[PDB]
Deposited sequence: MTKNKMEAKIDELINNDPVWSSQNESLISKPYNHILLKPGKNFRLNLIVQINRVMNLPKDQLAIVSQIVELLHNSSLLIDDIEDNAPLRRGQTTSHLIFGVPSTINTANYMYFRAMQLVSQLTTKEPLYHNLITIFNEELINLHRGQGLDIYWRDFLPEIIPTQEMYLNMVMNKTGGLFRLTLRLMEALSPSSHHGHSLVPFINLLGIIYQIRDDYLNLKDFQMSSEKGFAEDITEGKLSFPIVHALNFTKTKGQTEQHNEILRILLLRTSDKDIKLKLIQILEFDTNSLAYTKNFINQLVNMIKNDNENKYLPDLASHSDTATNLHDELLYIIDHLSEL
């Protein structure tokens, strides 16, 4: 009877969640917070969208949660040891807590959308954009991960890699902009532009990762970067069998040996000219804007 009442009380109330609990399970996330330029893009874009700063704040909050959560997970998936010159959360708090916290923040983010409007028609568009771009994000990420973890099952071509980027990187970039375009109280859609900004961003990330070495973690990962994809297809094309295989073998070692990583890079520098190709590819993309 006393137990029965304590239970009766329980099952008839909402589940209990204290602020301490909230603090406890937010450790992996608070860690990565300690790591502005994401708001510079939002403030600029806004110069054109004209959103009241009240709503722009809630937009900035949604994107950061989604962004920081993405990084918490991408690090697990990529077995990354450092993020922004700091130990990654999964190495401190563990993979289990990090996955849960990150996925949890995805839903806190989703919850904040209610705060952008009272308008039922608008709200629905918002949730849809939120849904679509998150679905796109996971698709690209699924390919980048599949290609990597199952190499050499599939050697992506420049086209396949770019579709993957349109999904993955474009995902976050389109989410931010598409949401603002729906809240804008006010020319043409800036989506095409943000997609190009996303592609340039990703290929420059892939590129600087190797040039900054020449610590090239992307090689330790086995990632099918823009430079590696060109090297692999170039090599198959010109009949360079041993080079094509050494590239695959090195990617598959998941090595942190600096000399082995340097060898690979010099292969992309003198043998396949992938570094130059990529540099040019980036410049051309930028020129497409600068010459618009």
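- Residues of the deposited sequence lacking C-alpha coordinates, counted from 1, fall in the stretches 1 to 3, 39 to 41, 193 to 195, 224 to 229, 308 to 340.
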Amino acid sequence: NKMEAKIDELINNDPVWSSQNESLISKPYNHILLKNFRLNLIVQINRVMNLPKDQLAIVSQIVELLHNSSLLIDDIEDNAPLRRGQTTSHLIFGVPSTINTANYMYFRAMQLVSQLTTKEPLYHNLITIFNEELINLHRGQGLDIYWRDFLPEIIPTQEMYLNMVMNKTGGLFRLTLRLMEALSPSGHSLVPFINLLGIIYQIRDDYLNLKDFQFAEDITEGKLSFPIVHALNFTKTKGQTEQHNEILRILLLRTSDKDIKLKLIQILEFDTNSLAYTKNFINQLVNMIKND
From here on, numbers count along this sequence of modelled residues.
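- Residue-level annotation: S225 has coordinates in all of the other entries compared, counting only those that model residues on either side of it, so it never reaches the one-third mark.
- Modelled in this chain, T255 is likewise built in all the other compared entries whose models extend past it on both sides, so a third of them omitting it does not occur.
- When the C-alpha B-factors of 39 to 47 and 223 to 231 are averaged, 39 to 47 comes out higher.
- In this entry, 189 to 197 shows the higher mean Cα temperature factor of the pair 189 to 197 and 147 to 155.
- Of all the options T118, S97, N103, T176, the entry's greatest CA B-factor is assigned to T118.
- As recorded in the PDB entry, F215 shows the highest C-alpha B-factor of the residues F215, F130, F107, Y207.
- When all modelled residues of the chain are sorted by CA temperature factor, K27 is found within the middle third.
- Sort the chain's modelled residues by C-alpha temperature factor and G142 lands in the lowest third, per the entry.
- For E242, the recorded CA temperature factor ranks within the middle third of the chain's modelled residues.
- Ranked against the other modelled residues of its chain, the C-alpha B-factor of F93 as given in the entry falls in the lowest third.
- Ranked by C-alpha B-factor against the other modelled residues of its chain, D54 falls in the highest third.
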